[PDB]
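See structure below.
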Amino acid sequence: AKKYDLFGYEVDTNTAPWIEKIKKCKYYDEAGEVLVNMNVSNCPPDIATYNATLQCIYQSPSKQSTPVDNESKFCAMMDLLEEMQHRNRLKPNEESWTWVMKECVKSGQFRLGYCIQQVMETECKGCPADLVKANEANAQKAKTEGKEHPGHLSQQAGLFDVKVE
Amino acid sequence: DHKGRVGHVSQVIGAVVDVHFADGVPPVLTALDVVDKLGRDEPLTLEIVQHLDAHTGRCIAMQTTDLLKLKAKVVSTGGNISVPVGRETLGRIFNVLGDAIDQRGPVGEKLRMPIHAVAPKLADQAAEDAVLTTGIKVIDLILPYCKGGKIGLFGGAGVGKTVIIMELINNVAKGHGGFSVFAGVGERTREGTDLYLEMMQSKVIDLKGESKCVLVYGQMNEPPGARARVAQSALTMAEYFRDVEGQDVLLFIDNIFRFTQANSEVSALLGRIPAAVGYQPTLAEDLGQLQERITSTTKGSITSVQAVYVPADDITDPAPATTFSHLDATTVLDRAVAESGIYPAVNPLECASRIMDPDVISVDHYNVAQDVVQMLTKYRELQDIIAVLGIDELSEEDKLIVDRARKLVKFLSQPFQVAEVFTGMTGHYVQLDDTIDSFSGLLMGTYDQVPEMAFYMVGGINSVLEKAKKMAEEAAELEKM
Amino acid sequence: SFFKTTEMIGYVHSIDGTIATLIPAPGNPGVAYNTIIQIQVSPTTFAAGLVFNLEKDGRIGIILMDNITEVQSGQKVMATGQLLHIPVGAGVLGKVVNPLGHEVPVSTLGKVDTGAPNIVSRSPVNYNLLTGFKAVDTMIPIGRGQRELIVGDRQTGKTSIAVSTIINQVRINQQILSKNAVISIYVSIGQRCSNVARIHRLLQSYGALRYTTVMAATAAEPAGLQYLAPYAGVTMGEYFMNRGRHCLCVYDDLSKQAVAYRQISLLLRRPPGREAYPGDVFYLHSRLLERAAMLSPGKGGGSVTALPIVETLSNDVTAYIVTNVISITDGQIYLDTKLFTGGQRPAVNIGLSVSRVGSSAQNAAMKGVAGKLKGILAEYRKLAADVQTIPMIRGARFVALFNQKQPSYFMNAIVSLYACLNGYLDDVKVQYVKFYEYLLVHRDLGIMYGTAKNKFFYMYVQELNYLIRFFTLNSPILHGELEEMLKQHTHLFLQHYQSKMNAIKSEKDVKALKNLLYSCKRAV
Amino acid sequence: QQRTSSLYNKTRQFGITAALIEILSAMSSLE
Ligand SMILES: Nc1ncnc2c1ncn2[C@@H]1O[C@H](COP(=O)(O)OP(=O)(O)O)[C@@H](O)[C@H]1O
Ligand SMILES: Nc1ncnc2c1ncn2[C@@H]1O[C@H](COP(=O)(O)OP(=O)(O)O)[C@@H](O)[C@H]1O
Ligand SMILES: [Mg+2]
Ligand SMILES: [Mg+2]
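Have a look at this one:
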């Protein structure tokens with residue numbers, strides 16, 4: 006129940022008020038602005054808070070009204086995992102990596118999906134099936150339609166002639 | 008306003024002179040004519056540098072302060088020191104004030120501008136990255152001068168600064184649709200004659216017809232007030248051709264150290280505490296306001312070559328060290344390189360250029376130029392090993408690097424066209440295409456069988472193979488005898 | 020901005036370029052210390068100035084800032100009675116600004143004079159800051175909130191390595207949550223004006239202006255602005271720090287700031303000491319750099335990372351201004367002149383360089399590879415001075437890999453270093469390491485019709501970057517899949533691509549090989 | 255190496271004495 010920071014002062018474990026702020030999300034960059042505001046008011050992110058953020062990254066469109074160049078919900082998502090694991094010292098539970106698998110199949114990035122089901126199967130000993138077949142569907146979708154890799158880069162036999170740009 | 012406002016000389020300590028005004032002091036940088044008669048042959052004009060109180064202002068004398076009594080009548084001009092501008096200045100010689108010093112009648116002027124202009128803002132700046140082919144091997148290859156560039160020739164006493172400026176006037180300033188300005192800042196009065204005559208012979212300055220040069224001289228004989236301000240006088244004339252007429256222009260400041268040194272004299276007498284190595288505390292600020300005016304605007308384009316004296320061959324000295332930050336192509340001349348036989352005495356490792364870049368110059372230019380710098384860096388490391396161990400102790404591949412690198416140092420030398428009297432040989436304008444190809448082949452090892460002294464003091468590859476033919480023929484005759 | 024007048028404190032007495040002294044008006048109001056004052060140059064216009072001396076006489080020493088040509092003796096002087104505040108926020112980004120706050124054409139305020147975070151306010155530096163250089167990010171790793179000095183001679187790459195560090199953030203910042211985005215603040219103290227313009231265009235072309243603001247006090251502008259320019263730079267960064275975000279501050283350079291402060295001090299008769307600098311020239315840089323910090327979890331956990339540049343004259347670290355800044359900062363990145371001309375660019379002297387909080391600052395993946403590299407390069411440098425060992429082979433390839441113009445992406449760097457660590461570039465010669473590295477990143481030989489069959493790990497998929505940062509390369513998830521990619525790349529490169537070097541011994545093919553290999557040095 | 259380093263160190267200290275005596279002998283002339 007009780008918790009202390011690095012110095013040993015008392016810390017606000019009352020997470021639930023800040024969770025409902027993250028649910029009213031709209032665009033996922035606003036979730037980070039809330040995560041800042043908790044830390045500012047001596048209230049470190051809970052394990053449930055990170056999962057509540059991960060939900061908002063999946064559901065909404067990107068940063069805000071205007072689009073940013075080279076948007077990546079996965080890269081924003083995997084940064085947040087790096088924050089909780091290494092720095093804050095919190096192991097992400099089964100809910101954490103299931104949100105990651107959803108975004109791979111939703112956006113269509115199946116190649117990431119192959120890597121993260123290997124992750125989800127190992128260590129955390131769980132195979133969620135639902136998304137595995139949806140991920141494997143997108144893998145076969147790339148093969149049968151045309152080609153899976155970039156395509157123009159792969160086929161072109163280089164050997165001495167390679168463009169530097 | 009304040010047009011003919013009368014004042015009296017409060018105190019005279021050297022070139023620095025205080026002036027008391029009854030109805031308040033004029034503004035700063037305001038020129039003042041000394042009306043009082045005295046036994047003078049030439050007039051006296053004071054520029055206000057500081058204010059002491061509401062009624063008193065400290066100044067600096069542009070002419071000598073001899074015969075100046077206390078309480079002498081002094082009158083304002085209207086504003087700053089004013090200098091004539093436009094095409095009527097071309098062909099004529101001037102002093103710091105803008106009076107013609109060549110005895111060829113009155114100038115046609117029709118407008119005068121103040122010496123102390125403000126430097127362009129950020130919005131006025133513009134970059135035009137094109138190579139200015141100087142026709143010199145060490146410059147064009149390793150530290151190429153760009154169009155619109157501020158260029159500096161750093162070196163100690165008697166290394167080839169004045170020689171390189173004269174060669175650039177031959178190589179670049181003659182075949183140029185723009186005009187040119189020469190700031191003779193605190194240098195030899197006798198060197199000024201030789202420039203004036205040689206330009207008259209070559210017809211860049213023309214008496215009867217069209218002229219394409221302006222001369223503004225404030226030489227060693229003049230007091231510090233003139234030698235300080237004379238750099239700005241020339242810069243005002245170049246600023247007219249840049250801003251008003253909208254044109255590509257050349258500026259030639261020999262020497263920019265003499266500006267800083269001239270300010271170092273007055274700054275002591277003005278009562279400022281000196282900074283490092285006895286220079287003025289405003290050393291960086293003095294160069295700041297001067298050098299920032301020298302730049303390529305949206306309206307026109309100054310392309311300034313400058314000479315920089317390195318005092319006591321100490322490059323860490325404030326006067327050059329502060330200047331280095333302002334420049335686009337920094338040319339560094341070394342004494343040991345001069346005394347070894349290599350002219351021009353350019354030490355290529357301490358040199359640098361902004362346009363030494365694959366984007367601006369060609370890919371073949373950059374790659375060849377870098378290999379010369381790389382090979383010379385390896386050669387300096389190998390030179391320490393041969394002194395300790397010996398020439399025979401080196402490896403098989405390293406011996407071949409020494410043979411090429413020795414030829415690279417010799418091939419970097421060049422007989423200048425202005426320096427026919429010194430070298431005793433005719434000059435060589437080496438083309439940019441010739442410079443890149445000849446050095447490229449030397450790095451490949453296509454000229455390994457060519458002897459070393461063939462490369463010493465010649466132009467491009469045709470002159471190398473010509474000298475190598477003469478060496479083969481004369482060596483064949485002496486061997487037969 | 021247009022500052023707020025209050026009371027007419029005095030008249031202008033003397034001027035000496037960019038410094039002045041005042042006489043108090045009847046009544047002797049007395050202005051407060053370190054405050055801005057507006058001098059009426061005309062009825063319509065004002066000219067700002069900072070108060071530096073409050074003499075016993077009643078006279079007040081002023082450092083002139085704006086409209087210095089228009090200042091005259093006998094002019095009226097209005098006081099603000101406040102410290103210098105400037106425009107700060109997200110709205111200031113992508114613009115050039117003075118130390119006073121006026122925008123250069125080409137938001138709640140914050141105090142420039144502010145105390146640094148105390149003992150309990152800070153925390154240990156854990157978040158990494160990627161410069162985008164294999165030489166730096168392994169051996170001299172910079173953490174967020176750290177002060178890392180950049181020292182070396184003119185034209186050694188002091189600005190470029192600082193500017194490319196700002197450009198390296200755009201690839202991350204675009205992809206990541208804006209909470210963890212590295213907002214940059216390039217301060218240009220005493221530089222040439224066109225140099226600021228070229229950096230503006232260079233920042234604009236790489237999309238850096240979105241996540242960057244440019245503080246600018248050029249050589250034309252007075253010593254008062256140059257003195258105050260780094261302070262205005264940190265103020266803009268502290269906004270992001272105090273509001274739980276990470277920031278970067280480049281001062282280019284503190285050498286020219288000190289010269290500007292010396293001018294101010296000497297002109298106002300402050301007693302000079304070593305190399306004519308005042309007594310408090312150490313205090314000048316100390317209170318600047320200490321405001322850069324890593325805050326605690328209790329105050330947002332934000333940061334201001336500092337990259338102060340300091341020019342040395344002919345590799346002389348014994349100079350007073352250089353020795354001062356070294357004793358303040360958390361180690362340095364020394365740029366040697368001989369390494370620059372020798373070939374190695376960036377010319378990072380690893381023996382002279384040091385990071386005082388390196389290990390804790392690095393990423394978990396980067397800590398794995400870099401710990402071994404210290405052991406290899408230590409033995410390589412010793413054996414090079416005093423027959424090729426495994427350390428001698430692999431050590432030489434690292435030196436070839438450290439050469440780069442533009443900054444490398446974290447994935448593309450760590451994989452090419454991991455290859456050299458486990459010894460995938462041993463059979464590959466030293467001259468063909470950049471051609472090997474280019475074909476690894478942009479192209480791929482396994483997919484180049486044949487022996488591919490990897491389920492997830494490829495180099496074209498840039499999104500694996502963040503999975504590597506979490507799990508590391510030495511891990512059961514990625515270890516076996518990575519070692520396939522490298523085995524396919526080496527065997528095919530040695531067989532198909534390196535076979536040409538035994539062949540090509542002719543004119544127009546040796547030159548074609550060179551021009552290929554020289555372009556490979558630029559692109560990592 | 256010992257004796258040249260000592261001369262570097264003597265020149266370092268003698269330089270800073272001579273630097274500051276000149277600089278502060280300036281402001282004795284200026285009061
Ligand atoms: N390119 C060159 N060719 C021949 N002699 C040169 C060259 N450059 C310099 N010198 C020698 O240097 C001497 C003086 O050089 P100068 O440029 O007048 O001095 P500074 O470098 O102080 O301006 C001359 O006597 C001349 O012999
Ligand atoms: N990593 C690098 N690779 C290649 N060239 C570089 C590199 N860093 C700097 N340079 C070049 O060196 C020159 C000087 O760089 P700069 O950053 O201005 O150094 P300084 O700040 O020390 O003057 C520039 O022309 C630039 O192109
Ligand atoms: Mg000379
Ligand atoms: Mg720089």
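Protein chains in written order, with the entry's author numbering: chain L, 6 to 170; chain D, 8 to 488; chain A, 20 to 125, 137 to 416, 423 to 560; chain G, 255 to 285.
We treat Cβ as the ideally placed atom computed from N, Cα and C, and that holds for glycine.
Classification of residue i by the beta-carbon crowding that lies within 10 angstroms, buried from 16 upward
i         : result
D/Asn-102 : buried
A/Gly-162 : buried
A/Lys-491 : exposed
A/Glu-268 : buried
A/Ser-535 : exposed
D/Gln-208 : exposed
A/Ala-211 : buried
D/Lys-219 : buried
D/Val-42  : exposed
A/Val-466 : exposed
D/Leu-419 : buried
L/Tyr-9   : exposed
A/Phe-65  : buried
Chain A within 8 Å of residue i, Cβ atoms only
i         : result
D/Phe-161 : no
L/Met-83  : yes
G/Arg-266 : yes
L/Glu-87  : yes
L/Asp-10  : yes
L/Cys-80  : yes
8 Å contact criterion, which residue i and residue j should meet: CB distance rounded
i         : j         : result
D/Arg-279 : A/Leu-296 : 7 Å
A/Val-193 : A/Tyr-364 : Between A/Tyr-364 and A/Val-193 the Cβ distance is about 18 Å, and since that is not below 8 Å, they are no contact.
G/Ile-277 : A/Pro-43  : With 8 Å as the limit, G/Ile-277 and A/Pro-43 do not qualify as a contact, their Cβ atoms being about 32 Å apart.
8 Å Cβ cutoff, residue i in contact with chain G
i         : result
D/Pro-325 : no
A/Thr-348 : yes
D/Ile-67  : no
A/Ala-288 : no
D/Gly-278 : yes
8 Å Cβ cutoff, residue i in contact with chain L
i         : result
A/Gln-204 : yes
A/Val-150 : yes
A/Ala-394 : yes
A/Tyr-157 : yes
Per DSSP, the bridge partner or partners of residue i
i         : result
A/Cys-279 : A/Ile-215 and A/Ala-336
D/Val-90  : D/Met-120
A/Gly-29  : A/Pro-43 and A/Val-96
A/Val-378 : A/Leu-365
L/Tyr-9   : L/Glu-15
D/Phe-259 : D/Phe-189 and D/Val-312
Below-8 Å beta-carbon distance, residue i vs any chain D residue
i         : result
A/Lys-141 : no
G/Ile-270 : no
G/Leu-274 : no
A/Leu-296 : yes
A/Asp-310 : no
(request) With ligand 1 as the reference, list in chain order each residue whose Cβ lies under 6 Å from any of its heavy atoms. (result) D/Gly-162, D/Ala-164, D/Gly-165, D/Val-166, D/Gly-167, D/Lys-168, D/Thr-169, D/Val-170, D/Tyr-350, D/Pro-351, D/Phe-423, D/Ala-426, D/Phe-429 and D/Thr-430
(request) Please list, in chain order, all residues with a C-beta atom less than 6 Å from at least one heavy atom of ligand 4. (result) A/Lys-188, A/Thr-189 and A/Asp-282
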